[PDB]
Every structure is written in C-alpha cells, then in structure tokens.
Number of protein chains: 2
Amino acid sequence: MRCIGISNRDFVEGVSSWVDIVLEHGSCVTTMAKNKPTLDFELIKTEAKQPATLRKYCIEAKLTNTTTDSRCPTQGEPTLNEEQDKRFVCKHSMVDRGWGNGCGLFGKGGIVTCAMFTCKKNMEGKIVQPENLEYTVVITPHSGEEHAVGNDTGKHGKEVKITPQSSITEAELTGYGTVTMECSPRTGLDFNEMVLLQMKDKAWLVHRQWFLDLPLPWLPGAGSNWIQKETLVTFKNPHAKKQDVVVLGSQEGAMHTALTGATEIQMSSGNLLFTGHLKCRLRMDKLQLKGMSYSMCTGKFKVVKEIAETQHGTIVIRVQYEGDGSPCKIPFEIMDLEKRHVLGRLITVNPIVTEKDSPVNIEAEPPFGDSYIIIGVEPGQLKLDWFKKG
Amino acid sequence: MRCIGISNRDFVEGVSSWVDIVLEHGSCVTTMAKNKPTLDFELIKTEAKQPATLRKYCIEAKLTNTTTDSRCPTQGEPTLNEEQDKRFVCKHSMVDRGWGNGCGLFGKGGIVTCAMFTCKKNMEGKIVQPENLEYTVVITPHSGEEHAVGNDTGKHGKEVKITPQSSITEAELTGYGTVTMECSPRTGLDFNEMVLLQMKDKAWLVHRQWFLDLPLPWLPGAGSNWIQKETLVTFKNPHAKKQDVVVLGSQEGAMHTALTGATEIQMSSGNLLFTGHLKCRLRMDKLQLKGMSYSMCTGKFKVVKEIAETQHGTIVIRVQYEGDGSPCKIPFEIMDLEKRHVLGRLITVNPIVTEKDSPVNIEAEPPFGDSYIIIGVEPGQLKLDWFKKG
Ligand SMILES: CC(=O)N[C@@H]1[C@@H](O)[C@H](O)[C@@H](CO)O[C@@H]1O
Ligand SMILES: CC(=O)N[C@@H]1[C@@H](O)[C@H](O)[C@@H](CO)O[C@@H]1O
Ligand SMILES: CC(=O)N[C@@H]1[C@@H](O)[C@H](O)[C@@H](CO)O[C@@H]1O
Ligand SMILES: CC(=O)N[C@@H]1[C@@H](O)[C@H](O)[C@@H](CO)O[C@@H]1O
C-alpha cells in the first residue's frame, strides 16, 4: 500500500495471468487482477556494477618544483632533463643576458622553464549499458496492515533485484504465493552516444563528442601522465627578464555551468536516478488471495481513522473490528443513494481482520458524486456518506 | 650603469638643463647631457596607496545548516524564519503528502527549503587613479664602478618615489650633486572606465560594465549579506518527494578563462606592473661631473674584462690601472684606421681611476665598422681593434 499518497501513481488492471507495467524513479504502480491480490510496485534503485571509464579529466591542478636552464647569448639552446619527465610542463623563451647576470656577451640568451603538474581534483566519464545495470524493485501487497499505507520504509514489501543480466526474477510474496517479473530497460536518449559524467556526488548524462572535446587535461579510460596539461598551464615573460608559469584554477564551477541542468542523475543517496523507464511483464498465476475461507465478520466496526481522498479519486479508511470472529473477511460495499445498487470497486481487495485490536486500512474507488460506504453487517453496520470530486 | 645589458633601453641626450624621458616597467633609459654625468633611469615599482573597492565578488561558496517547513495539503503555505535571515537562500516547492508522512489528507503540501550561504573565496574590483599612485624610480649614475654594469640590486643607485600627489621629487646623487624630476602618469586605456580586478596574487585591468555584469554573488564596495546568491545556488525537487539545494563550485577557473590574457598586471613580487608610461622632465643644472680637476692617468692599463658589445652598438670594457697617479682621469679615445681622427663618443663620460686595484668599466659608442680603442697614453698605451656590426 506504498503507492497510496503519491501523485505519479499508475493504476493497472490484470486479466484472467499477465500484466504489463512501466516503472521509473518517482512513479509507482498499483496492479489489480481479480481473484488476485492488489500489489504496489516501485523502482527504488538502479545500480551500475563497475562500468567503464572512457576518460578521466583533471579539473584542478598544482604547479610545483619549478626549474629552469638559461643559456648565455652565445651558449646556444636551453635544456632540462625535466623536458622528458612527462609530469612536467615546459616552454622556451628568450631573456636579456650580459655581464650583470653572468655572461661575457650581451644579447638574448635562451631559457626553458618547466614545472611539475599535479592533479588535485578530477571527474570521470563512464560508459553505461542498461542491459548490465541492476534494478531494485519493491513490491508491497495491499494487505491492509495498520501501518501499510504509503509506508516508505520497505518492511511491508519485498525487494527484488532485476538483473538485466542474469535474468527473469521470481518473488516470494509471503502468505500470498509467488509472482514473476521480466523487464526491459527502456529510455529515449540513445545511450551509446551518451556518457555518465561524475563529479563527486553529482553526475549527468552527456554526449560523447562533447565529453571528448572537453578542453582539459586527461588520462585514458585505460596517473600515466596527463594529456594536454597546457590547457591549464600558462607561461609569461613580459620584460625578457625571467619566465613564470602558473596554473588556471578549478574549472569545477566552470564545468557545472556547461552542464546547465543537462540530464542530471547525481544522487539519490550516493545512488543513481535512472533516466527513463523499465517496461515489465508480471505473471500472477502462482499467486492467490489471502483468507478466502475466512468467515464473514459479524461483529461491528469503528472508524479509527477517517475516509480521506487520494489524488486519484480513491478513498482510504481505517477501521477497527470489535466483533468476536477474527480471523474474518470485512463486509465492504459501496452503494448509491436509493440504498440498492453497488457502485464502487475495492482497490484493497478481500479486506480481512487479522487481530481484534489491529486496525485495517482499505482503499476503495467510489463512484463520482454521492455514494455510500457500508462497513460490516447490521447490527451497528457503518453507513458513511461520501461525495466524489468533480 | 644598470641599463647596460637590457634590450628595451633608451638613449636620451640632454641639452645645454632639461631633458625629457619616458619610463615603463621593463624599459630603461640612459641620459646624457655634456659636462654632466651619464645616468640610468628605471621604473622599479608602482604602488597603490589603499585605493577603493567598487565591488566584491564571491567566487566560491558553502551551503550549510539546511532547514525546511512543509505544510499538509490543507495547512496552507510554508514559513521559515530563515526566510528573513539574509544569509539564507530559499525556494518554495510542493511535495506529495498523505497518511504515510503525517497528514490526514492526501495531496500536494507546500514546502520551503532554506540554507545558509557562506563565501569561501573572493575577488575584489578596485578603482585606480594614476595621479594618486606612487612610483619608485632608480637612478644609477655611470660611475664606472667595478660592479656597476647592469647590477640589478639597487645599491649602485638612489631610489626615488614620485608622488603624483605630493609632487616634484628632488635627488641627492652623492658626489655628483642633485637632480630633479617632474613626471606625468601616462597611458592609453582610459582608466576611469577600467577596474583593477584582484584574485589573490593575480590581477587584471577590466572594464566597468563587464565587471559589474559579472553573474556572481557580491558585496557593495562600501559581510553585509551577499547579493544575488542564487547565481551560485540551485534547488531541485524531481519527484515531488523533497527538495534539495546545492552550490555550484569554484568559479575561479571560470573567471580566469573570461580574463583570457586581458590586461594582466598581477604581480611583480606582490606588487603592481604599471600598464603604460610615465613621462618625466629632468633638470640637471644642479649636477656636476665627478673629478674634473683630476690628473690625466699617466701609468698603463690592463684589460681586466673584455670589450663586449651591447645590443645597441655600444661596447663595454673593464680595465685596471697600474700606474702611480690615482685619483686620475682615464685617457680614452676612439680613432679611425689612419690613426688620426676621433670617431667615437663615450657613454660613460669622464672615466676616472679611484683606486689602484679597483677596475673601471667604460661604455663607449664606436663608429660603424673598423675603429680603435686607445686606452691610456704611451708608454704601453692600449690599442684595441674593434669592428662594428652591420
Ligand atoms: C626534488 C626536490 O626539488 N625536492 C623539493 C622538496 O625538498 C620540497 O619539499 C618541495 C617543496 O618546495 O619541492 C621539491 O619537492
Ligand atoms: C509511515 C508510518 O506509518 N510509520 C511506520 C512506523 O511506525 C513503523 O516503525 C514502521 C514498521 O512497520 O513502518 C512505518 O515506518
Ligand atoms: C544552530 C545549528 O543548527 N547548529 C549546528 C551546529 O551544531 C553544527 O555543528 C553545524 C554543522 O552541521 O550545523 C549548525 O551550525
Ligand atoms: C651583478 C654583480 O656584478 N654582482 C654584484 C655583487 O657582487 C655585489 O655583492 C653587489 C653589491 O655592489 O652588487 C652586485 O650584486
């Protein structure tokens, strides 16, 4: 009864067997099948089991251990062994030389300045495969338990992992039997032309060329010497006196700007927010209603909570049984105004009392306008008035 | 003799009195005036004596102490006292509510999330006034001291501060008298439409509107609640379940990108690199050559260093006096090939020996092509061959 409360809910009625449903983060589905239990379905997680790094980008660097080799006007070209260390970034320039700084001659002497580049912070691009993602789905049967209604905690339901690969999941719905699932990872957005870009806790789904065209230092998906370090390094020699080098500073904020609200996916508890869909097929044949032998409850009920309408025109009520028959079925029927002609269906099918002092929640779909909610049988049979919106 | 060695040097000859010169970081000037000492001029610093902050921009923020007030479908509008704390950033949104999360009703209940914004790192924009800047200039007379040549240390010269305001500086050139200065801060780049933007050690000179159009949080030049914090804050409520807020991350690298090589000024030793010019007028009347009574040196000399050409066609030589007359003037003349007709002028005017064993440097301008450098008088008078470039 977890979908109750939730606006993006979806009512799906089975046949007489198989049922089709579509799940997506934030959406919920309630299935109905006749002679079968009502079930709530919700996609709770999407896990990537160690994908792949297309590339890694440095977004914040260091610049240290600066060295330099400067020749005299005559002495020719500068040389630093650092010019081979691929961790260093270098650049040649000329500077004035003369008696004043160690040369017999006067003129431009060459220089070469190098500095070790070090990455402080980075982001990674990953290649995603629905097929290979692992999905976690929660099934919560409409048992009517005193605390079932919209309980976002998971103890009222079974958690199922749908391995695109490994395949076809089966489920133990305690006291109700077994159900089966066979889903298909759906989605618009072509995925093999997209990339999961992670920056700490955040992460979007970008295109491939856009990601690869990124003007930043990088390491192969497969550190070993960053590539294109100059993108973040600058050399300066304004007055032909000496040459300085400097980094550019975190491109973190810069990146976010470029990712302006793109397909973000970032983080539902250090976890993924799957982009689109999950079409499934459910088979209930191995499932069965609970308590179809039970006696009709003959005692009277008392409204413990209060008929409250859901965003979809259904009503939810919580009653308490004070009779002496438990376990027993709850006499529930929705009638019209001339008291005779049933006008509404139960969503929480086959309502039953399990314990004297344990309330029972029931969701029903009353007709539009004026109706009656008759709980129990006379004696003190409850007759509640209801008017439906619109 | 500090300008010797330096490519951006500038030779300026006085009259018979006043002289005009232009200084700029990296450039050097050598002045000559006849019956007057040769002097080297160099603008070493430019100091801003506590300018003004037009505005201050936050380029890196925090987001903490997150709070929220969420009403039930019925309860109406959300309210947080944080909505008044100008340190907090807030945003209203709606979320699904129902029995499952604390409401008797079902529907959208309003929420309002707020979080305290804190600036981690910032940059300031300052309004610059040449007039009011203070300039430091080094005057280094061509004394010919054994270590004078291009000595970038300042002990061979006087440091003078030219206060645009306070005004007209006077100078004590020990043993040489006094000289005077009256400069004018020049520059293209209109300054009252520009701004000095500082980011730590770095700093450029940007335009006013560009600086003010900056899409970042800011504090008045005259903290008291940053303005436009949202520029760095984002709110999200994907599934109508809860609303999260998040900052955007350092815009440091982003800024640098936007400042692509603009008029940088950043840092010559935690100091300014003045953008353009400084036109001055020098009066030497109160100056005088040194040792114009001295005897002609009669003894012989020895070349201690070695005639070496400067980037401007001048030559520099260092000799040592072995005679017995000191203090005395050094017999120096440049002749042509038929040994009789002086072809070159001295830059280091009135060369004199001050101590037997203390070498003397002399800079001279030999004619183009073949010439003679005759040092001393016969006996062992030095006759050196020289060929001039081009
Ligand atoms: C090989 C070398 O140059 N070592 C120095 C190290 O001693 C120093 O702590 C560091 C910070 O300046 O720079 C270099 O790592
Ligand atoms: C949402 C709600 O009704 N609260 C209940 C809570 O009292 C109980 O501890 C838990 C276990 O069944 O389920 C829900 O969390
Ligand atoms: C007024 C208030 O909420 N105090 C808490 C403080 O105790 C805590 O250390 C900090 C970090 O979470 O957040 C807030 O400052
Ligand atoms: C550049 C050069 O010739 N070095 C000298 C140095 O020997 C001396 O200590 C100092 C003081 O006069 O002047 C210069 O620094």
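The numbering of chain A matches Swiss-Prot: 1-16, 19-224, 228-395, in order.
Header lists the method as X-ray crystallography, 2.6 Å.
A Cβ is built for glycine as well, from the same backbone N, Cα and C atoms used for every other residue.
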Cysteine from A:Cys116, A:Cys121, A:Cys185 that Swiss-Prot links to A:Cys60 by a disulfide bond: A:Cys121
Disulphide pairing with A:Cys92 per Swiss-Prot - partner from A:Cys30, A:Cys74, A:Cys116: A:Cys116
Residues flagged as region 'Fusion peptide' in Swiss-Prot, choosing from A:98-111, A:182-195, A:325-338: A:98-111
Candidates A:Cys3, A:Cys185, A:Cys285, namely the disulfide-bonded residues, that fall within 10 Å of A:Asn153 (N-linked glycosylation site) by Cα distance: A:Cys3
A:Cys30 (disulfide bond) and A:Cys333 (disulfide bond), distance between Cα atoms, whole Å: 30
Which recorded positions sit within 10 Å of A:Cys116 (disulfide bond) - Cα, from A:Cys3, A:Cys60, A:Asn67, A:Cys74: A:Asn67
Other C-beta atoms that fall within 10 angstroms of the C-beta of A:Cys30 (disulfide bond): 22
Near chain B - the recorded positions A:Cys30, A:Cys60, A:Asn67, A:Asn153, A:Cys185, filtered by Cβ distance under 8 Å: A:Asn153
Cβ under 6 Å from ligand 1: qualifying recorded positions of A:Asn67, A:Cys116, A:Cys302: A:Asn67
Cα proximity to A:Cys92 (disulfide bond), best match among disulfide-bonded residues A:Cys3, A:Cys30, A:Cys185: A:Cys185
Spatial reach required of the 3 unmodelled residues, as Cα distance in Å from A:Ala224 to A:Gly228: 10
